[PDB]
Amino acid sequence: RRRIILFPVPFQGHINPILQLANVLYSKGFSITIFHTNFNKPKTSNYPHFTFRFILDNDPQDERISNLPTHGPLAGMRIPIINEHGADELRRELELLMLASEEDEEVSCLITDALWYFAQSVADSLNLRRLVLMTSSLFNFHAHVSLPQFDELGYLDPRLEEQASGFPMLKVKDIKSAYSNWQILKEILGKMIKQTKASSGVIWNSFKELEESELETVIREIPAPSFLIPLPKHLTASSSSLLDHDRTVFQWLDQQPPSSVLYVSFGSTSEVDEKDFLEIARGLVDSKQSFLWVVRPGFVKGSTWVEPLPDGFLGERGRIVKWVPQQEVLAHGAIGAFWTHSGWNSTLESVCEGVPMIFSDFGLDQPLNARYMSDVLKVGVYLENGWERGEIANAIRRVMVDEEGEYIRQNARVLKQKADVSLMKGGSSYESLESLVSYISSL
């Protein structure tokens, strides 16, 4: 028997695909151990078939992460901090596990988030193969490796509406938004790319017919074999949710006509002004469409939840909730469209459920996802110029009601079908998974 160790980054958009992958590999006969921080841990009782080992932030907590806040932008500093100081502990934990292994059981490989670049040298030092799971798109990676030219052309220094050079898919504004925090980002992205290239293999949460134009960059830039597997088509991430589900939404969805509901969610970490939260509310009401709006407590700066919102302002058409099983909501027949912040997991879930999108973005890979989905695949409409009630309502009605938006709704249905076909015998994702399992088994 063969065991796989997976090591996720402890945030919702990173824990979800890694535990989806773990379940896919378990279904192929591998045993599974998950290394995880105590911070943002998932419910281990949801995974009785996995062994969990909590590392790196056991108390006594290191002076470096002990004081760090658990929410907000600062919470993510754990990532560079662990990258720079976690190697010795990670090596100890891997050796302990390999020493306690049964005789009929070998550890085939370690799979980490690509952001754990420090894990490559640890795994090398144990003669352990490391595979990398990319939680962002191939298009995003193509932009990463093109950063030399970007800085060179002056894109990275504060021409906004012009097509970027040798990247006609993007506007300069997209690059400026995506790489706005350069000094801090440049080092992380450089190290992540370098150690991804040195890995034994790269698993992408995508499928070939989604990102066909980007396959050549990956083959040329990454010498290790790449595997494209659309995880949401195998299973939802419901079991790895870090917050409790409000499942009362399904009884409400069951009262809505098919394709009549706009689902609205801006992810697991974004936050907005009070000024913008109220403009978003006014756009929603102005569209005259039914909506289900997930608002994380903490989404609005300066309020605990939605205190700025007058009582009854959503009316008959709208409901606001703290958190849902998102892919299961997207699969419900009532859903007509998805207003997303363009996180990659949300984007791919909406594609795999065939739901057209309205795109906003909060930086990082989000503006690139929004531009690729709206202009290359044409499965949504991109609100690329702030929050304005009038523009919001027009975008919503264009995707959900206007005859002019029919091609977008049709494109989303066709793309879902292409994803389903990729999982059949002979399809691209079926063959990638088949190859991934035989590759891991040969290690």
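Heads up, when I say rigid core I mean the largest set of C-alphas that superpose within 1.5 Å between the two forms. Position 1 is the first residue in the sequence shown; the rest follow in order.
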| remark: The stretch that moves more in 7 other deposited structures of this protein, judged by RMS C-alpha distance from this form after core superposition, 357-365 or 180-188, is 180-188
| field | Between 403-411 and 66-74, larger RMS Cα displacement in 7 other deposited structures of this protein after core fit | value | 66-74
| How many missing residues of the deposited sequence lie between residue 158 and residue 159 in the entry, grouped as none, 1 to 3, 4 to 9, or 10 or more? | 4 to 9
| said: Mean Cα B factor from the PDB record: higher for 148-156, or higher for 364-372? | reply: 148-156
| said: I need to verify one thing: averaged over C-alpha atoms only, is the B-factor higher for 381-389 or for 43-51? | reply: 381-389
| field | Of the residues 249, 262, 235, 169, the one carrying the largest Cα B-factor as recorded | value | 169
| task | Please work out which residue in 322, 319, 275, 288 has the highest C-alpha B-factor recorded for this crystal structure. | result | 275
| Chain third (lowest, middle, highest) by recorded CA B-factor, residue given as residue 411 | lowest
| note | The third of the chain into which the C-alpha temperature factor of residue 71 falls is the highest
| request: Grab the CA temperature factor for residue 90 from the record and place it in the lowest, middle or highest third of its chain. | output: middle
| request: Would you check the entry's CA temperature factor for residue 119 and let me know if it's in the chain's lowest, middle or highest third? | output: middle
| query | What third of the chain, by the recorded C-alpha B-factor, contains residue 204? | reply | lowest
